[PDB]
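To keep things clear, I will list the structure first and then write my remarks on it.
Heavy atoms only: backbone and side chains are in, while hydrogens, waters and symmetry mates are out. By convention in this document, chain letters (A, B, ...) are assigned in the order of the sequence lines, proteins followed by strands, and residues within each chain are numbered from 1.
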Amino acid sequence: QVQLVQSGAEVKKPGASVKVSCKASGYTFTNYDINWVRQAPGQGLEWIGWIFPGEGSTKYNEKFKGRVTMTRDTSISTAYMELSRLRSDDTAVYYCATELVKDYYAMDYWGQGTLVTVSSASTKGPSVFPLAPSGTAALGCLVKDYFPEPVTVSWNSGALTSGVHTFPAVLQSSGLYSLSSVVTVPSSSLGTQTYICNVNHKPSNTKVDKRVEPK
Amino acid sequence: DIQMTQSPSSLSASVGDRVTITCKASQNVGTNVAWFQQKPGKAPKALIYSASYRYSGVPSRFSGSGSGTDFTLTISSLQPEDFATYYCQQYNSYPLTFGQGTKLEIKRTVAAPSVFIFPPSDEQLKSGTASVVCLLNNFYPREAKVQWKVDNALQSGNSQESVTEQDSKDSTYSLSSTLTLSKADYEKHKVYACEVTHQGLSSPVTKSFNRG
């Protein structure tokens with residue numbers, strides 16, 4: 001079936017430009033529009049524009065006209081969306097999509113999405129701090145001051161999965177993100193069983209295993 | 001730009017129920033309306049084109065209708081997989097414009113949160129910042145109020161909240177309230193308490209500690 005593969009995540013500073021790619025396969029690349037829509041964190045969908053790969057013609061949302069350029073390389077079945085003069089409110093997941101409407105089916109196809117982070121912040125691994133437990137007890141890890149997203153959190157190297165809650169990150173006013181991961185465990189195993197939270201942060205090659213112990 | 005107003009912004013329903021979402025256009029859009037489904041972390045999925053026609057693979061419990069300015073999506077026989085956010089979209093004229101969206105969440109019995117408070121670690125205190133965490137675990141419905149008190153002074157502006165998506169097994173939520181202070185301001189005070197109210201609690205639940 002038709003598939004759209006997008007380029008990887010990107011971090012950009014205000015004013016810079018970004019160029020996202022959309023690799024299509026499974027259909028005649030030159031016969032259908034590629035549309036681009038974006039979604040800011042926790043917001044709705046916003047349409048950017050489309051490009052017809054057959055003749056390179058385009059159509060842009062007035063909101064972005066003069067600031068966006070869509071391109072296509074037919075030899076590799078790839079369309080591009082370039083957004084210039086980036087501002088913080090351009091931070092979002094960007095999607096390309098197309099639509100095949102034939103006699104016996106009508107179907108939309110989508111890329112996996114590309115995260116573009118527009119921030120003056122610079123890469124920094126997370127500081128991990130224990131949330132020490134006080135029949136059912138709660139303990140966790142505070143993953144604070146990291147950039148950019150994402151971090152990945154597991155417990156006991158993936159063993160402990162029942163009762164785990166990892167909260168969505170929130171952007172602190174310092175430009176850095178922060179989240180907490182917590183787990184409820186039997187209050188009786190506090191002094192015998194050992195609890196380790198594993199925090200991955202690929203952008204910084206950071207890998208922390210912080211043991212959380214009752215203080 | 002034609003504005004698409006969706007109603008309601010949020011909606012709770014039980015499995016098997018029938019739901020109606022509406023969407024008003026600021027101008028006439030004929031029947032050039034599309035409907036989309038989106039689950040967290042995934043791309044949107046098309047449901048309806050031309051206001052009333054289903055894209056291939058969309059089951060019959062999704063039906064759209066309307067013309068001109070008023071449009072509705074009707075989802076009967078709700079399945080657990082149908083609980084997500086839905087968007088209307090006009091494509092009559094440019095630019096294409098979406099509604100603000102409707103999040104549909106599963107109704108279940110009320111469940112009171114379990115409250116835990118966490119003082120900042122000494123490790124973090126060395127860094128100069130103190131973060132106090134209040135945890136509300138496995139509760140329904142989602143609306144829950146947290147109050148941070150330090151020496152009995154209501155805190156404003158220095159806390160952020162983060163709530164998980166609805167749990168896939170029990171349909172509860174959990175919530176996190178983090179109070180960030182300067183190490184100095186953390187040293188100047190003794191009693192730290194978070195107070196929780198919620199439909200599952202007949203009176204407020206308080207959790208507190210004294211620095212020390």
Side-chain angles (χ1 to χ4, degrees), chain A residues 20 22 32-52 57-70 79 81 83 87 89-99 101 106 108-111 113-114 116, chain B residues 1-11 20-39 42-55 58 62 64-74 84-104:
Chain A
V20 179
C22 180
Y32 302 94
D33 293 333
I34 303 300
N35 279 271
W36 291 87
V37 308
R38 74 175 180 181
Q39 189 182 28
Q43 310 301 329
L45 303 171
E46 189 173 22
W47 173 74
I48 297 172
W50 53 251
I51 177 171
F52 188 67
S57 55
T58 59
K59 179 65 178 173
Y60 302 132
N61 185 338
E62 106 246 354
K63 195 180 179 85
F64 304 110
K65 208 150 100 65
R67 187 155 79 82
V68 63
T69 294
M70 280 168 197
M81 184 262 313
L83 192 61
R87 51 195 188 195
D89 60 64
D90 290 323
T91 304
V93 176
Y94 288 80
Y95 296 99
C96 59
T98 188
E99 167 172 327
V101 174
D108 58 301
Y109 302 100
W110 299 76
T114 294
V116 179
Chain B
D1 315 6
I2 309 181
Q3 275 106 56
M4 306 293 292
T5 304
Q6 260 181 259
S7 309
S9 305
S10 303
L11 185 42
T20 289
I21 301 174
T22 68
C23 170
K24 182 133 66 181
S26 56
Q27 310 168 17
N28 193 75
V29 289
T31 59
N32 301 321
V33 171
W35 284 98
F36 299 86
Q37 176 195 89
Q38 186 176 39
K39 309 184 192 180
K42 306 305 173 64
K45 176 182 294 73
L47 302 174
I48 302 307
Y49 65 95
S50 287
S52 51
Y53 298 81
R54 286 179 279 269
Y55 279 87
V58 176
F62 299 85
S65 59
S67 184
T69 48
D70 297 358
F71 307 93
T72 69
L73 179 70
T74 298
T85 305
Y86 292 86
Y87 299 98
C88 57
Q89 176 215 59
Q90 73 83 17
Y91 54 95
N92 195 63
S93 53
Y94 288 108
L96 319 174
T97 49
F98 296 80
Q100 88 279 5
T102 294
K103 191 162 184 176
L104 177 66

Does any part of the side chain of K59(A), heavy atoms only, come nearer than 4.5 Å to the side chain of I51(A), both counted from C-beta? no
Does any part of the side chain of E62(A), heavy atoms only, come nearer than 4.5 Å to the side chain of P95(B), both counted from C-beta? yes
According to side chain to side chain donor-acceptor pair (under 3.5 Å), does anything in residues 35-49 of chain A pair up with another residue at least two apart or in another chain? List the pairs. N35(A)-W47(A), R38(A)-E46(A), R38(A)-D90(A), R38(A)-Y94(A), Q39(A)-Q38(B), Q39(A)-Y87(B)
Show the numbers, then the answer: is there a side-chain contact (heavy atoms from CB on, under 4.5 Å) between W35(B) and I21(B)? CA-CA 10 Å; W35(B) 284 98; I21(B) 301 174; 4.1 Å; yes
Closest contact, heavy atoms only, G111(A) versus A43(B): O-CB, 3.8 Å
Straight-line distance of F64(A) CZ to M81(A) CE, nearest 0.5 Å: 9.0 Å
For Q37(B), what residues pass the side chain to side chain contact (heavy atoms under 4.5 Å, CB included) criterion, not counting sequence neighbours? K39(B), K45(B), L47(B), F62(B), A84(B), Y86(B)
Flag the pair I48(B) / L73(B) as yes when at least one side-chain heavy-atom distance between them is below 4.5 Å, and no otherwise. yes
Of all residues at least two apart in sequence or in a different chain, which pass the side chain to side chain contact (heavy atoms under 4.5 Å, CB included) check with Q27(B)? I2(B)
Can you list the residues that meet the side chain to side chain contact (heavy atoms under 4.5 Å, CB included) rule with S10(B), with sequence neighbours excluded? none
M70(A) and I48(A), any side-chain heavy atoms less than 4.5 Å apart: yes
Side chains of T98(A) and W110(A): does their closest heavy-atom pair fall under 4.5 Å? no
Quick one: does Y94(B)'s side chain have a donor or acceptor within less than 3.5 Å of a partner on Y60(A)'s backbone? no
For residues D108(A) and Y55(B), determine if any side-chain heavy atom of one lies less than 4.5 Å from a side-chain heavy atom of the other. yes
Does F36(B) have any ring pair (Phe, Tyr, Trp, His ring centres under 6.0 Å) partners at least two apart in sequence or in another chain, and if so, which? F98(B)
Could you tell me whether the side chain of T58(A) and the main chain of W50(A) form a donor-acceptor pair under 3.5 Å? no
Between the main-chain N or O of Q3(B) and the side-chain N or O of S26(B), is there a donor-acceptor pair closer than 3.5 Å? yes
Can you see which heavy atom on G66(B) is nearest to which on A51(B), and at what distance? O-CB, 3.7 Å
Does the side-chain contact (heavy atoms from CB on, under 4.5 Å) test come out yes or no for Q90(B) and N32(B), once each step is laid out? CA-CA 6 Å; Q90(B) 73 83 17; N32(B) 301 321; over 6 Å; no
Using the side chain to side chain contact (heavy atoms under 4.5 Å, CB included) criterion, which residues pair with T20(B)? Sequence neighbours excluded. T22(B), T72(B), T74(B)
With a 4.5 Å cut-off on side-chain heavy atoms, are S52(B) and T31(B) touching? no
As an exercise, state the distance from CG of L96(B) to CG of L45(A), rounded to the nearest 0.5 Å. 11.5 Å
Non-hydrogen side-chain atoms of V93(A) and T114(A) separated by less than 4.5 Å: no
Do you know which of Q100(B), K24(B), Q6(B) makes side-chain contact (heavy atoms from CB on, under 4.5 Å) with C88(B)? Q6(B)
